[PDB]
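Next up, run_4.pdb (PDB, C-alpha atoms):
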```pdb
MODEL        1
ATOM      1  CA  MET I   1       8.794 -27.522  10.543
ATOM      2  CA  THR I   2       5.269 -27.280   9.008
ATOM      3  CA  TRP I   3       4.681 -24.250   6.764
ATOM      4  CA  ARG I   4       1.624 -22.545   5.316
ATOM      5  CA  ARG I   5       2.025 -20.547   2.075
ATOM      6  CA  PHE I   6      -0.451 -17.981   0.752
ATOM      7  CA  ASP I   7      -0.101 -16.532  -2.732
ATOM      8  CA  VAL I   8      -1.451 -12.999  -3.351
ATOM      9  CA  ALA I   9      -1.832 -12.588  -7.069
ATOM     10  CA  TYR I  10      -0.832  -9.011  -8.032
ATOM     11  CA  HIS I  11       0.328  -8.411 -11.548
ATOM     12  CA  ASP I  12       1.592  -4.866 -11.123
ATOM     13  CA  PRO I  13       5.362  -5.083 -10.411
ATOM     14  CA  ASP I  14       5.011  -2.383  -7.787
ATOM     15  CA  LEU I  15       4.159  -4.428  -4.657
ATOM     16  CA  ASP I  16       5.356  -1.967  -2.071
ATOM     17  CA  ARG I  17       1.980  -0.907  -0.703
ATOM     18  CA  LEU I  18       0.597  -4.421  -0.831
ATOM     19  CA  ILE I  19       3.622  -5.695   1.173
ATOM     20  CA  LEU I  20       3.168  -2.851   3.700
ATOM     21  CA  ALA I  21      -0.552  -3.774   4.040
ATOM     22  CA  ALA I  22       0.559  -7.318   4.857
ATOM     23  CA  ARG I  23       2.976  -6.140   7.572
ATOM     24  CA  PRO I  24       0.611  -6.750  10.524
ATOM     25  CA  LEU I  25       0.126 -10.338   9.450
ATOM     26  CA  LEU I  26       3.885 -10.935   9.570
ATOM     27  CA  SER I  27       4.398  -9.008  12.770
ATOM     28  CA  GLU I  28       1.551  -9.829  15.135
ATOM     29  CA  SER I  29       1.783 -13.466  16.205
ATOM     30  CA  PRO I  30       4.303 -16.076  17.277
ATOM     31  CA  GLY I  31       6.221 -18.089  14.743
ATOM     32  CA  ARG I  32       8.481 -17.511  11.780
ATOM     33  CA  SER I  33       7.009 -15.634   8.952
ATOM     34  CA  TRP I  34       8.406 -14.250   5.779
ATOM     35  CA  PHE I  35       7.548 -13.001   2.317
ATOM     36  CA  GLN I  36       8.972 -13.139  -1.184
ATOM     37  CA  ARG I  37       8.021 -12.172  -4.713
ATOM     38  CA  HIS I  38       7.541 -15.109  -7.108
ATOM     39  CA  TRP I  39       6.545 -15.802 -10.671
ATOM     40  CA  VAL I  40       4.895 -19.149 -10.744
ATOM     41  CA  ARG I  41       1.206 -18.940 -11.880
ATOM     42  CA  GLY I  42       1.990 -15.301 -12.612
ATOM     43  CA  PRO I  43       3.437 -12.512 -10.487
ATOM     44  CA  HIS I  44       2.423 -12.856  -6.873
ATOM     45  CA  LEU I  45       3.483 -12.199  -3.313
ATOM     46  CA  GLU I  46       4.087 -15.230  -1.161
ATOM     47  CA  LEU I  47       3.432 -15.195   2.628
ATOM     48  CA  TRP I  48       4.970 -18.052   4.580
ATOM     49  CA  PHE I  49       4.116 -18.939   8.189
ATOM     50  CA  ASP I  50       5.310 -21.827  10.385
ATOM     51  CA  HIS I  51       2.640 -21.269  13.044
ATOM     52  CA  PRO I  52      -1.147 -21.391  12.801
ATOM     53  CA  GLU I  53      -1.861 -17.710  13.234
ATOM     54  CA  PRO I  54      -2.642 -15.580  11.308
ATOM     55  CA  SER I  55      -5.440 -17.790  10.203
ATOM     56  CA  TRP I  56      -6.569 -17.927   6.577
ATOM     57  CA  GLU I  57      -9.550 -15.871   7.648
ATOM     58  CA  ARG I  58      -7.333 -13.162   9.150
ATOM     59  CA  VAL I  59      -5.116 -13.125   6.017
ATOM     60  CA  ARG I  60      -8.254 -12.687   3.887
ATOM     61  CA  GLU I  61      -9.575  -9.907   6.093
ATOM     62  CA  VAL I  62      -6.430  -7.819   5.928
ATOM     63  CA  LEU I  63      -5.510  -8.448   2.318
ATOM     64  CA  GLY I  64      -8.999  -8.723   0.838
ATOM     65  CA  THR I  65      -9.668  -5.281   2.152
ATOM     66  CA  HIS I  66      -6.510  -3.888   0.574
ATOM     67  CA  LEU I  67      -7.109  -5.603  -2.786
ATOM     68  CA  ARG I  68     -10.678  -4.194  -3.004
ATOM     69  CA  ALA I  69      -9.373  -0.690  -2.428
ATOM     70  CA  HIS I  70      -6.076  -0.797  -4.308
ATOM     71  CA  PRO I  71      -6.222  -3.459  -6.997
ATOM     72  CA  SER I  72      -3.477  -4.141  -9.493
ATOM     73  CA  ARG I  73      -4.487  -2.957 -12.980
ATOM     74  CA  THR I  74      -1.500  -4.307 -14.945
ATOM     75  CA  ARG I  75      -2.506  -6.751 -17.617
ATOM     76  CA  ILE I  76      -0.347  -9.761 -18.461
ATOM     77  CA  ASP I  77      -0.476 -12.509 -21.034
ATOM     78  CA  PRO I  78      -0.526 -16.093 -19.614
ATOM     79  CA  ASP I  79       0.210 -17.454 -23.171
ATOM     80  CA  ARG I  80       3.323 -15.343 -23.882
ATOM     81  CA  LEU I  81       4.507 -16.200 -20.285
ATOM     82  CA  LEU I  82       3.854 -19.936 -20.038
ATOM     83  CA  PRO I  83       6.812 -20.940 -22.338
ATOM     84  CA  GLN I  84       9.298 -18.826 -20.388
ATOM     85  CA  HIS I  85       7.884 -20.256 -17.105
ATOM     86  CA  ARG I  86       8.315 -23.897 -18.285
ATOM     87  CA  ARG I  87      11.990 -23.041 -18.974
ATOM     88  CA  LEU I  88      12.459 -21.166 -15.757
ATOM     89  CA  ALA I  89      10.867 -23.998 -13.795
ATOM     90  CA  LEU I  90      13.473 -26.452 -15.216
ATOM     91  CA  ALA I  91      16.266 -23.965 -14.390
ATOM     92  CA  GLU I  92      15.112 -23.295 -10.849
ATOM     93  CA  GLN I  93      14.244 -26.941 -10.225
ATOM     94  CA  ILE I  94      10.646 -26.165  -9.401
ATOM     95  CA  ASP I  95       8.030 -28.979  -9.457
ATOM     96  CA  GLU I  96       4.606 -27.508  -8.865
ATOM     97  CA  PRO I  97       1.595 -26.417 -10.915
ATOM     98  CA  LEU I  98       2.383 -23.766 -13.496
ATOM     99  CA  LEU I  99      -1.262 -23.189 -14.597
ATOM    100  CA  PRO I 100      -3.688 -21.780 -14.556
ATOM    101  CA  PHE I 101      -2.288 -18.370 -13.874
ATOM    102  CA  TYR I 102      -4.019 -16.698 -10.914
ATOM    103  CA  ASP I 103      -6.611 -14.091 -11.632
ATOM    104  CA  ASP I 104      -5.223 -10.675 -10.632
ATOM    105  CA  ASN I 105      -6.089  -9.486  -7.114
ATOM    106  CA  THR I 106      -6.921 -12.867  -5.649
ATOM    107  CA  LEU I 107      -5.752 -14.796  -2.632
ATOM    108  CA  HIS I 108      -4.874 -18.468  -2.780
ATOM    109  CA  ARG I 109      -3.710 -21.131  -0.408
ATOM    110  CA  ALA I 110      -0.707 -22.880  -1.930
ATOM    111  CA  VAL I 111       1.622 -25.810  -1.228
ATOM    112  CA  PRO I 112       4.903 -24.844   0.439
ATOM    113  CA  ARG I 113       7.742 -25.862  -1.848
ATOM    114  CA  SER I 114      10.885 -27.612  -0.650
ATOM    115  CA  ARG I 115      14.280 -26.386  -1.592
ATOM    116  CA  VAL I 116      16.310 -29.151   0.018
ATOM    117  CA  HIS I 117      17.398 -30.539  -3.321
ATOM    118  CA  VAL I 118      19.004 -27.244  -4.161
ATOM    119  CA  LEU I 119      20.364 -26.179  -0.745
ATOM    120  CA  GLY I 120      21.571 -29.646   0.362
ATOM    121  CA  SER I 121      19.733 -30.459   3.511
ATOM    122  CA  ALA I 122      16.840 -29.659   5.790
ATOM    123  CA  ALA I 123      19.355 -27.769   8.020
ATOM    124  CA  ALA I 124      20.300 -25.579   5.054
ATOM    125  CA  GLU I 125      16.646 -24.927   4.310
ATOM    126  CA  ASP I 126      16.029 -23.945   7.908
ATOM    127  CA  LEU I 127      18.941 -21.499   7.773
ATOM    128  CA  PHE I 128      17.389 -19.863   4.695
ATOM    129  CA  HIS I 129      13.984 -19.717   6.351
ATOM    130  CA  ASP I 130      15.482 -18.117   9.412
ATOM    131  CA  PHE I 131      17.199 -15.568   7.149
ATOM    132  CA  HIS I 132      13.976 -14.849   5.323
ATOM    133  CA  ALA I 133      12.129 -14.278   8.596
ATOM    134  CA  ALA I 134      14.710 -11.769   9.896
ATOM    135  CA  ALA I 135      15.210 -10.130   6.556
ATOM    136  CA  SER I 136      11.501  -9.816   5.867
ATOM    137  CA  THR I 137      11.150  -7.728   8.987
ATOM    138  CA  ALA I 138      14.069  -5.606   7.757
ATOM    139  CA  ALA I 139      12.404  -5.258   4.376
ATOM    140  CA  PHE I 140       9.279  -3.655   5.725
ATOM    141  CA  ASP I 141      11.350  -0.816   7.052
ATOM    142  CA  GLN I 142      13.292  -0.504   3.814
ATOM    143  CA  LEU I 143      10.010  -0.380   1.795
ATOM    144  CA  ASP I 144       8.636   2.234   4.134
ATOM    145  CA  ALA I 145      11.609   4.349   3.127
ATOM    146  CA  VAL I 146      11.006   3.746  -0.512
ATOM    147  CA  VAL I 147       7.324   4.659  -0.269
ATOM    148  CA  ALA I 148       8.377   7.906   1.487
ATOM    149  CA  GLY I 149      10.586   8.812  -1.494
ATOM    150  CA  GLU I 150      14.019   7.152  -0.906
ATOM    151  CA  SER I 151      15.771   5.399  -3.693
ATOM    152  CA  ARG I 152      15.078   1.698  -3.946
ATOM    153  CA  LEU I 153      18.193   1.172  -5.974
ATOM    154  CA  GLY I 154      20.289   3.298  -3.669
ATOM    155  CA  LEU I 155      19.168   1.275  -0.687
ATOM    156  CA  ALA I 156      19.995  -1.986  -2.478
ATOM    157  CA  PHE I 157      23.371  -0.682  -3.533
ATOM    158  CA  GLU I 158      24.138   0.129   0.122
ATOM    159  CA  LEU I 159      23.336  -3.423   1.219
ATOM    160  CA  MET I 160      25.657  -4.801  -1.399
ATOM    161  CA  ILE I 161      28.586  -2.585  -0.545
ATOM    162  CA  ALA I 162      28.108  -3.155   3.155
ATOM    163  CA  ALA I 163      27.993  -6.917   2.624
ATOM    164  CA  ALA I 164      31.237  -6.944   0.720
ATOM    165  CA  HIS I 165      33.134  -4.734   3.065
ATOM    166  CA  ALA I 166      32.022  -6.568   6.218
ATOM    167  CA  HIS I 167      31.977 -10.100   4.925
ATOM    168  CA  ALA I 168      34.412 -10.534   1.998
ATOM    169  CA  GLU I 169      38.009 -11.389   2.781
ATOM    170  CA  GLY I 170      39.897  -8.133   2.405
ATOM    171  CA  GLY I 171      36.742  -6.009   2.495
ATOM    172  CA  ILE I 172      35.397  -4.099  -0.439
ATOM    173  CA  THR I 173      38.545  -4.471  -2.548
ATOM    174  CA  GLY I 174      38.258  -8.252  -2.157
ATOM    175  CA  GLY I 175      34.538  -8.622  -2.565
ATOM    176  CA  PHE I 176      33.976  -6.412  -5.594
ATOM    177  CA  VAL I 177      35.313  -9.080  -7.913
ATOM    178  CA  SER I 178      32.044 -10.951  -7.372
ATOM    179  CA  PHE I 179      30.173  -7.848  -8.579
ATOM    180  CA  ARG I 180      32.094  -7.724 -11.880
ATOM    181  CA  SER I 181      31.548 -11.495 -12.294
ATOM    182  CA  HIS I 182      27.822 -11.176 -11.755
ATOM    183  CA  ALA I 183      27.461  -8.227 -14.192
ATOM    184  CA  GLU I 184      29.459 -10.022 -16.911
ATOM    185  CA  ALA I 185      27.502 -13.261 -16.401
ATOM    186  CA  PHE I 186      24.281 -11.398 -16.933
ATOM    187  CA  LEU I 187      25.555  -9.431 -19.990
ATOM    188  CA  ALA I 188      26.592 -12.734 -21.620
ATOM    189  CA  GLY I 189      28.659 -10.904 -24.263
ATOM    190  CA  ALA I 190      26.345  -7.948 -24.875
ATOM    191  CA  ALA I 191      28.793  -5.293 -25.935
ATOM    192  CA  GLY I 192      26.096  -2.810 -26.640
ATOM    193  CA  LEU I 193      24.287  -3.211 -23.310
ATOM    194  CA  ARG I 194      27.719  -3.078 -21.592
ATOM    195  CA  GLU I 195      28.466   0.201 -23.324
ATOM    196  CA  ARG I 196      25.203   1.576 -22.166
ATOM    197  CA  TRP I 197      25.982   0.515 -18.558
ATOM    198  CA  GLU I 198      29.438   2.035 -18.755
ATOM    199  CA  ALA I 199      28.002   5.317 -19.978
ATOM    200  CA  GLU I 200      25.460   5.349 -17.162
ATOM    201  CA  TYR I 201      28.300   4.659 -14.730
ATOM    202  CA  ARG I 202      30.450   7.450 -16.150
ATOM    203  CA  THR I 203      27.609   9.947 -15.778
ATOM    204  CA  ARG I 204      27.307   9.042 -12.060
ATOM    205  CA  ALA I 205      30.889   8.066 -11.318
ATOM    206  CA  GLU I 206      31.711  10.461  -8.467
ATOM    207  CA  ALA I 207      28.257  10.028  -6.908
ATOM    208  CA  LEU I 208      28.704   6.236  -6.928
ATOM    209  CA  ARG I 209      32.195   6.402  -5.654
ATOM    210  CA  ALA I 210      31.010   8.671  -2.817
ATOM    211  CA  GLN I 211      28.333   6.185  -1.824
ATOM    212  CA  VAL I 212      30.726   3.317  -1.828
ATOM    213  CA  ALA I 213      33.022   5.266   0.391
ATOM    214  CA  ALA I 214      30.217   6.339   2.717
ATOM    215  CA  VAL I 215      29.113   2.701   3.205
ATOM    216  CA  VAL I 216      32.619   1.482   3.725
ATOM    217  CA  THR I 217      33.142   4.134   6.344
ATOM    218  CA  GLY I 218      29.885   2.940   7.944
ATOM    219  CA  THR I 219      26.228   3.951   7.750
ATOM    220  CA  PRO I 220      23.466   2.990  10.185
ATOM    221  CA  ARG I 221      21.669   1.085   7.391
ATOM    222  CA  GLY I 222      24.838  -0.701   6.265
ATOM    223  CA  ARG I 223      25.709  -1.665   9.757
ATOM    224  CA  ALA I 224      22.220  -2.902  10.452
ATOM    225  CA  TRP I 225      22.366  -5.164   7.351
ATOM    226  CA  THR I 226      25.735  -6.540   8.099
ATOM    227  CA  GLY I 227      24.639  -7.134  11.703
ATOM    228  CA  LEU I 228      21.732  -9.203  10.375
ATOM    229  CA  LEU I 229      24.157 -11.098   8.141
ATOM    230  CA  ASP I 230      26.454 -11.705  11.136
ATOM    231  CA  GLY I 231      23.700 -13.834  12.707
ATOM    232  CA  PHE I 232      24.030 -16.269   9.807
ATOM    233  CA  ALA I 233      27.762 -16.290   9.243
ATOM    234  CA  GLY I 234      28.652 -18.857  11.878
ATOM    235  CA  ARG I 235      25.778 -21.209  10.979
ATOM    236  CA  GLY I 236      26.692 -20.831   7.320
ATOM    237  CA  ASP I 237      30.332 -21.761   8.092
ATOM    238  CA  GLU I 238      29.195 -24.880   9.996
ATOM    239  CA  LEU I 239      26.883 -26.111   7.268
ATOM    240  CA  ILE I 240      29.370 -25.381   4.514
ATOM    241  CA  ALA I 241      32.075 -27.332   6.462
ATOM    242  CA  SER I 242      29.804 -30.351   7.092
ATOM    243  CA  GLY I 243      28.512 -30.475   3.513
ATOM    244  CA  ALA I 244      24.920 -29.773   4.687
ATOM    245  CA  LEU I 245      24.873 -26.559   2.626
ATOM    246  CA  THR I 246      25.713 -26.966  -1.014
ATOM    247  CA  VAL I 247      28.174 -24.486  -2.443
ATOM    248  CA  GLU I 248      27.866 -23.007  -5.939
ATOM    249  CA  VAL I 276      39.746 -19.479  -3.654
ATOM    250  CA  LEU I 277      36.926 -21.861  -4.384
ATOM    251  CA  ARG I 278      38.175 -24.099  -1.546
ATOM    252  CA  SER I 279      38.404 -21.133   0.881
ATOM    253  CA  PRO I 280      35.877 -21.115   3.771
ATOM    254  CA  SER I 281      35.983 -17.352   3.637
ATOM    255  CA  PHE I 282      35.104 -17.261  -0.037
ATOM    256  CA  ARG I 283      32.209 -19.659   0.393
ATOM    257  CA  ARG I 284      30.871 -17.783   3.397
ATOM    258  CA  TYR I 285      31.013 -14.525   1.454
ATOM    259  CA  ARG I 286      29.235 -16.081  -1.462
ATOM    260  CA  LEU I 287      26.448 -17.267   0.847
ATOM    261  CA  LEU I 288      26.024 -13.864   2.499
ATOM    262  CA  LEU I 289      26.171 -12.041  -0.783
ATOM    263  CA  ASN I 290      23.511 -14.357  -2.218
ATOM    264  CA  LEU I 291      21.354 -13.661   0.831
ATOM    265  CA  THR I 292      21.823  -9.984   0.030
ATOM    266  CA  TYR I 293      20.675 -10.593  -3.536
ATOM    267  CA  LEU I 294      17.586 -12.347  -2.218
ATOM    268  CA  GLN I 295      16.890  -9.257  -0.110
ATOM    269  CA  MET I 296      17.201  -7.050  -3.201
ATOM    270  CA  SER I 297      14.589  -9.239  -4.889
ATOM    271  CA  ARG I 298      12.328  -8.836  -1.898
ATOM    272  CA  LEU I 299      12.714  -5.093  -2.351
ATOM    273  CA  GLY I 300      11.662  -5.243  -5.961
ATOM    274  CA  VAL I 301      15.057  -4.951  -7.650
ATOM    275  CA  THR I 302      14.881  -6.985 -10.833
ATOM    276  CA  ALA I 303      17.599  -9.247 -12.171
ATOM    277  CA  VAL I 304      18.669  -6.694 -14.762
ATOM    278  CA  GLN I 305      18.788  -3.989 -12.131
ATOM    279  CA  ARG I 306      20.767  -6.076  -9.749
ATOM    280  CA  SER I 307      23.282  -6.735 -12.523
ATOM    281  CA  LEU I 308      23.439  -3.051 -13.348
ATOM    282  CA  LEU I 309      24.141  -2.281  -9.714
ATOM    283  CA  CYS I 310      26.863  -4.879  -9.752
ATOM    284  CA  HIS I 311      28.424  -3.190 -12.783
ATOM    285  CA  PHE I 312      28.245   0.150 -11.006
ATOM    286  CA  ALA I 313      29.688  -1.226  -7.778
ATOM    287  CA  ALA I 314      32.611  -2.907  -9.510
ATOM    288  CA  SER I 315      33.419   0.232 -11.548
ATOM    289  CA  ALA I 316      33.134   2.502  -8.530
ATOM    290  CA  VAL I 317      35.356   0.317  -6.420
ATOM    291  CA  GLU I 318      37.945   0.129  -9.215
ATOM    292  CA  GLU I 319      38.034   3.950  -9.500
ATOM    293  CA  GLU I 320      37.811   4.767  -5.832
ATOM    294  CA  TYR I 321      40.531   2.420  -4.665
ATOM    295  CA  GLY I 322      42.729   2.111  -7.829
ATOM    296  CA  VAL I 323      42.139  -1.616  -8.315
ATOM    297  CA  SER I 324      41.217  -3.894 -11.164
ATOM    298  CA  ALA I 325      38.945  -6.991 -11.215
ATOM    299  CA  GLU I 327      44.082  -7.880 -12.651
ATOM    300  CA  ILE I 328      43.256  -9.502  -9.396
TER     301      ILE I 328
ENDMDL
END
```

Since I need it in another form, could you write the structure as structure tokens?
Amino acid sequence: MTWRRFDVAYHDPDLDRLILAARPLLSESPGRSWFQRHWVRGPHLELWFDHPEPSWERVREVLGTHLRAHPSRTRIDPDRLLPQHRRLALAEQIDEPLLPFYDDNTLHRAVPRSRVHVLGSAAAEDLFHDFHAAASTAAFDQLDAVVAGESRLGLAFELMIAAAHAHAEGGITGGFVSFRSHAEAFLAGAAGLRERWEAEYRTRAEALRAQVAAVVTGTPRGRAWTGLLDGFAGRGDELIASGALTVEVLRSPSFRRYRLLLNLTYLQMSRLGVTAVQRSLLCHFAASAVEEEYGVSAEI
């Protein structure tokens, strides 16, 4: 299909109220629509629509109003960032303008990027767009909770646990291995940062174990997330089997389906504002909590 992309430049990492101000635009008219946080040309919110409404004028009305009342006041440095962005663009296989960085608190029309070269096919891209549409709607409710005082990280941790228990072969004591792998890949040998993470785990060990257990047993939020994931599991299996969806035990359909659904969960955490370091921390915590709660070792 034929997408429109709008970039809302907002340099403050806290996007929650901006995203909630955008909610009517993503909720009022026919068509798929979704949002994500992105870095290119500086921190910004992206709004994606496959149908003609909301118009550019309507987007400007709703968001221009917000931005005049509640502007970002975080300063950045487009010359300390540009190097890192050129590297990241190579890594993420992005091919689009990197400069100039957007002025803070401005709206821009932008070119929708294709991800077919990464995902493997137009059918794979459409699956991810369909996920982003459903999950964006879910994210507004999750951000409402955060704005009201609930823990962002706690909510993200719940999605992760629920995803593993519902969608990994063997449940949580199968799927936690991916959490330890993710945390160690991020640490890249950092013994000192690992020690810090392990001390932060130990301080919270019973509380984390209790949350794992609560999610495994079933929570309305966990069940709602895994229900959303269930709508993609069969399509994911089909596209993995046909080769239309590129993959990253390794030959196992169940493993590859879990890895897809877990990666969708990570994309949701990003939508919620959980940074890469924080996601990795949560992975460390989840793996440790699972090991202690169930008497297992990522020995498997």

> Could you spell out the hits of the PyMOL selection byres ((chain I and resi 35) around 9) on the shown file, as a VMD selection string?
Replying inline: chain I and resid 19 26 33 to 34 36 to 37 45 to 48 132 to 133 136 298

> I:78, I:149, I:236, I:54: which is nearest residue 290 of chain I, counting only C-alpha atoms?
Replying inline: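 When distances to residue 290 of chain I are compared using only C-alpha atoms, the smallest one comes from I:236.
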
> residue 224 of chain I: which residues within 12 Å, counting only C-alpha atoms, same-chain residues fewer than 6 positions away excluded, as a VMD selection string?
Replying inline: chain I and resid 134 to 135 138 to 139 141 to 142 158 to 159 162 to 163 166 215 218 230 to 231

>> Give me the residues near residue 94 of chain I as an MDAnalysis selection string, where near means some atom within 10 Å (using only C-alpha atoms) and where sequence neighbours in that chain fewer than 3 positions away do not count.
In response: chainID I and resid 40 86 88:91 97:98 113:115 118

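In this comparison, which uses only C-alpha atoms, the residue of I:235, I:4, I:284, I:68 approaching residue 53 of chain I most closely is I:4.
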
>> Could you list, as a ChimeraX atom specification, every residue matched by the PyMOL selection byres ((chain I and resi 242-279) around 9) in this structure?
In response: /I:118-125,236-241,280-284,286-287

> For this file, the PyMOL selection byres ((chain I and resi 81) around 12) selects which residues, as a VMD selection string?
Replying inline: chain I and resid 39 to 43 76 to 80 82 to 89 98 to 101
